[PDB]
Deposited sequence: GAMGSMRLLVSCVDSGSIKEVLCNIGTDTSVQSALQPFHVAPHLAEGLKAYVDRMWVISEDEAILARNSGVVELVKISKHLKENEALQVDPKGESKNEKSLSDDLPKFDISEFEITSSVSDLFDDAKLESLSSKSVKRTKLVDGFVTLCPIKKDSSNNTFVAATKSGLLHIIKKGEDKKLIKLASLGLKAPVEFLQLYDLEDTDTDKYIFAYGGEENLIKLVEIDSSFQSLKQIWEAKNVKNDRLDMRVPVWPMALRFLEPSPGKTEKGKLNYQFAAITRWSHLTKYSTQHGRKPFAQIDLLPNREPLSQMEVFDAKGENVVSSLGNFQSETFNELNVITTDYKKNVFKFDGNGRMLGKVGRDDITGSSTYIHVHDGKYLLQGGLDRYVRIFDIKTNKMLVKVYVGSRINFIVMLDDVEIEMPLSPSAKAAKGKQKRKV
């Protein structure tokens, strides 16, 4: 340590840099306190950061709720115990990326490379736009395409679990009453085709339709063993806004092979982070689970109250994270490098937890609602 975090502070539409050791808790007088907190790139509530992607210690991409994607140069400067702090410069942008009449307002749901020599990124919207943007040879961002999907979209997840040399790009997406779909995008990024669409489960024991609202999805590796022709071979699991864990295997068909009620009374959920109970790093760059077996899946998800829940692949609640500390909806969670949970939401504290022990390692007040956090390399200090 110290850790170097960047935190999306929605209320000022800014990013804060936070530097601090393990053991920091700003709410506890006796505890370590952050060495540094400072504001950057404040664009106001109208233009808060939806997502970030760190390209390197010198560069990141931001996707903002103004409908703008920004390329950002990160630099280092001695703070005037000695250490460097960051400064940020937007070097290029792409604007006009939303379509709020598709139809609640629009936002970016995905910002990531398309795949792990490559300079090309996807930025996907709730309105069902899939933008493909590259950092060109001239160092500036250029939009390559804007492809349309079926709105509304809660998530768009790329598949990256086989290899990187095969000319195929696959993703899944879905949203409110919008069944999960698999799509193949041609490597020109100019055309797409839908290859699979989920079906709903049967009506329930009271002969009532079970509503459809997938919120998040993570792939698994393909089903093992012999495969049939004419069926695709993708496995994936999703969390729904009606409190389901849904498990799919396209070799089985379009219906889920299981749909499990995670909490009583349809308690709404969002987010889905794969993790290993020992803190091992078992996921791809994009968060997909590098296993063919659902029995080994464990996920972290959130309600809209204050809870952060851990579940196994059978829907058993393994425990909460931050039960007695988190007091508002946990808008953002992310499992980082297997071992850490990054957390931040309506209660205005950035937190870091240890996955294996469930211990709170860092708690820093940032004076804003939080919707995104990244952990950069550790800070060299003298």
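A.B. asks: Going from the first residue of the deposited sequence to the last, where are the unmodelled runs?
C.D. replies: Going by the record, the segments left unmodelled (no C-alpha atoms) fall at 1 to 3, 84 to 105, 129 to 140, 154 to 155, 422 to 439.
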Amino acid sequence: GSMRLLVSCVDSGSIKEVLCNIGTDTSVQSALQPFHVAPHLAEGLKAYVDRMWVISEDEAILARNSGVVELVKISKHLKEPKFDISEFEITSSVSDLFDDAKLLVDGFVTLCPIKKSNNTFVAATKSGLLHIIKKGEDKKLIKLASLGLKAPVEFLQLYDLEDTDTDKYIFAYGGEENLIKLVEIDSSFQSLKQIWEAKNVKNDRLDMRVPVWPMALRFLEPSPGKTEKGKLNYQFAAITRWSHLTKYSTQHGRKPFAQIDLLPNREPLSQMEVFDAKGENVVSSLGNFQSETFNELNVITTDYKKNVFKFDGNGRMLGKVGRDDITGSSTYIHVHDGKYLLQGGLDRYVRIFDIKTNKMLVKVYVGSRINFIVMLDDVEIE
From here on, numbers count along this sequence of modelled residues.
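A.B. asks: Going by the B-factors listed in the PDB entry, is the mean over the C-alpha atoms higher for 211 to 219 or for 227 to 235?
C.D. replies: Looking at the recorded C-alpha B-factors, 227 to 235 comes out higher on average.
A.B. asks: Mean C-alpha B-factor higher for 202 to 210, or for 182 to 190?
C.D. replies: Comparing 202 to 210 with 182 to 190, the higher mean C-alpha B-factor belongs to 202 to 210.
A.B. asks: Reading the B-factor column of the entry, which of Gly287, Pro264, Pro256, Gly148 has the highest value at its C-alpha atom?
C.D. replies: Answer, based on the entry's C-alpha B-factors: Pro264.
A.B. asks: Identify, among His131, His244, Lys73, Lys126, the residue whose C-alpha carries the highest B-factor in the deposited PDB entry.
C.D. replies: Of the candidates given, the C-alpha B-factor peaks at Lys73.
A.B. asks: Among the modelled residues of this chain, does the Cα B factor of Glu89 put it in the lowest, middle or highest third?
C.D. replies: Its C-alpha B-factor, which the entry lists for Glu89, ranks in the highest third among residues of this chain.
A.B. asks: Hey, what third does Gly175 fall into on Cα B-factor, ranked over its chain?
C.D. replies: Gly175: CA B-factor falls in the lowest third of its chain.
A.B. asks: When the deposited Cα B-factors of this chain's modelled residues are ordered and cut into thirds, is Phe83 in the lowest, the middle or the highest one?
C.D. replies: Top third by C-alpha B-factor.
A.B. asks: Once the chain's modelled residues are ordered by C-alpha B factor and cut into thirds, is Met375 in the lowest, middle or highest one?
C.D. replies: Its C-alpha B-factor, which the entry lists for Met375, ranks in the middle third among residues of this chain.
A.B. asks: Can you tell me which third, lowest, middle or highest, the CA B-factor of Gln343 falls into for its chain?
C.D. replies: Its C-alpha B-factor, which the entry lists for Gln343, ranks in the lowest third among residues of this chain.
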